[PDB]
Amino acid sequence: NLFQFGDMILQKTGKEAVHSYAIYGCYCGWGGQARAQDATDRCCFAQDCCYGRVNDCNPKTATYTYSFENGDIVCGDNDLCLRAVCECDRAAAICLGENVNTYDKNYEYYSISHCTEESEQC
């Protein structure tokens, strides 16, 4: 669920998602259209595609089992959909962590008046 994805984001990026990624670019925030603005935004679009392959549960409310070990995020569910959502979140958090070096605060609250380019496609 998103509280959990926020925890993975805290561990990998050091940021509180609700004051950063949650309002970022065209895909991390309230967007879902236009061009992904940078590598951080592309991580979120890739997560949207990963979620699109999940149907049995809603990624937003799928409360999964995960742990942090050996520098990795380990998804431990036996329930297939919870595991799938956790794997999407793990990949996205890792991706975001790899790109905080280019995190640009100017993309916060960006969706409101931008994101009119040709949209990304899965």
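All residue numbers refer to positions in the sequence shown, first residue = 1.
- For the two regions 112 to 120 and 4 to 12, the entry's Cα B-factors average higher over 112 to 120.
- Higher mean CA B-factor, judged across 33 to 41 and 52 to 60 from the recorded values: 52 to 60.
- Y107: CA B factor in the highest third of modelled residues in this chain (values from the PDB entry).
- Per the PDB record, residue ranking by Cα B-factor puts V100 in the highest third of the chain.
- The entry lists a Cα temperature factor for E69 that places it in the highest third of the chain's modelled residues.
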